[PDB]
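Worksheet: one structure, shown below.
All Cβ positions, even for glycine, are placed from backbone atoms using ideal geometry, and neighbour counts span all protein chains on display. Any read-out appearing in this document is the output of simple, stated calculations on the displayed coordinates, not a laboratory observation.
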Amino acid sequence: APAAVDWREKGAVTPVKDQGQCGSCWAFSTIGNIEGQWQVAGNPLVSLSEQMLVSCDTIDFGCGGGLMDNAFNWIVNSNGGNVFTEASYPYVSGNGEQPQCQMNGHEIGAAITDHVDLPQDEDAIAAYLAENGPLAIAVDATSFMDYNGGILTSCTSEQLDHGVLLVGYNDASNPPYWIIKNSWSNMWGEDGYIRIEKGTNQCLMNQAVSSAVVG
Ligand SMILES: N#CC1(NC(=O)[C@@H]2Cc3ccc(c(Cl)c3)OC/C=C/COc3ccccc3C(=O)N2)CC1
């Protein structure tokens with residue numbers, strides 16, 4: 001793969017969001033992925049709606065939790081592949097309140113046809129990322145809690161508990177690192193982002209990597 005990829009610079013990554021007091025990281029990971037895949041497939045970058053998943057996805061458990069694979073499954077099999085725009089269906093569950101699913105009054109911003117699950121292989125991940133755009137990944141986010149900045153090189157890697165967005169990497173660095181977009185606002189980490197070492201399966205980052213398919 002290329003020595004370095006940063007999908008932010010290429011316009012496939014929206015501003016950092018904030019899930020708030022709701023267990024919806026799974027929806028933010030899924031949407032960030034679809035946002036990146038939709039742009040890189042050749043369409044204008046558009047912000048898409050986590051609230052659609054929080055309120056309408058019947059496979060997952062709204063603010064109680066969920067899985068990116070199940071979110072992809074719901075979008076394709078229950079919503080005809082369609083993803084509503086962030087603007088037309090704003091995120092209101094940041095206080096943990098969960099309105100009922102609202103199917104009316106929105107604009108469709110993107111569409112997906114399937115999803116893939118990537119092998120548990122950092123090189124396989126980097127190539128698919130470099131080709132297709134940002135990727136949905138799960139991490140053990142234990143070491144995320146005290147992170148101010150820098151590259152994590154001894155990330156607690158015991159148990160997966162948090163969905164994030166993989167937007168890039170940089171091998172021409174010492175250590176080399178992945179770039180991750182978190183959903184804890186831009187006042188956490190490196191303006192919303194975190195760097196973790198690439199090649200040592202930091203935070204169990206290789207274990208559950210997925211992506212929507214566009215087109
Ligand atoms: N934010 C947030 C919260 N965490 C999640 O939504 C995680 C977010 C999450 C955690 C771990 C993950 C993934 Cl892919 C997501 O990968 C391994 C999967 C473990 C089992 O995850 C679940 C399976 C079924 C239903 C929910 C989960 C789950 O625990 N999802 C606390 C609710």
_Just to check I understand the Karplus step: with θ = phi - 60° and J = 6.51 cos²θ - 1.76 cosθ + 1.60, what whole-Hz values come out for the stretch 140-147, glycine and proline as x?_
6, 9, 4, 5, 5, 5, 9, 6
*Determine one quarter of the surface area of the Cα convex hull of the stretch 98-215, which equals its mean projected area, and express it in nm² to one decimal.*
9.2 nm²
*Quick one: which residues, 5 or more positions from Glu86 or on another chain, have an amide H under 5 Å from its amide H? H modelled 1.01 Å from N in the peptide plane, none for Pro or chain starts.*
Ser47, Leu48, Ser49
*List the equivalent ellipsoid semi-axes of the chain in whole Å, largest first, each obtained as the square root of 5λ for an eigenvalue λ of the Cα gyration tensor.*
26, 19, 15
*asked:* Could you work out the percent of alpha carbon pairs in the stretch 1-55 separated by over 16 Å, rounded to a whole number?
replied: 45 percent
*Calculate how steeply helix 122-132 sits against the longest principal axis of the alpha-carbon atoms of the chain, using the helix alpha-carbon long axis, and give the answer as 0 to 90 degrees to the nearest 10.*
50 degrees
*Mind giving me the FRET efficiency for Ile59 and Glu190? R0 is 41 Å, r the Cβ-Cβ distance, nearest 0.05 is fine.*
0.80
*In degrees between 0 and 90, to the nearest 10, how far off the longest principal axis of the chain does helix 68-78 point, with axes built from Cα atoms?*
30 degrees
_Debye-sum result for the stretch 55-167 in log10 I(q)/I(0), which assumes one identical scatterer on each alpha carbon, at q = 0.23, 0.24 Å⁻¹_ = -1.44, -1.47
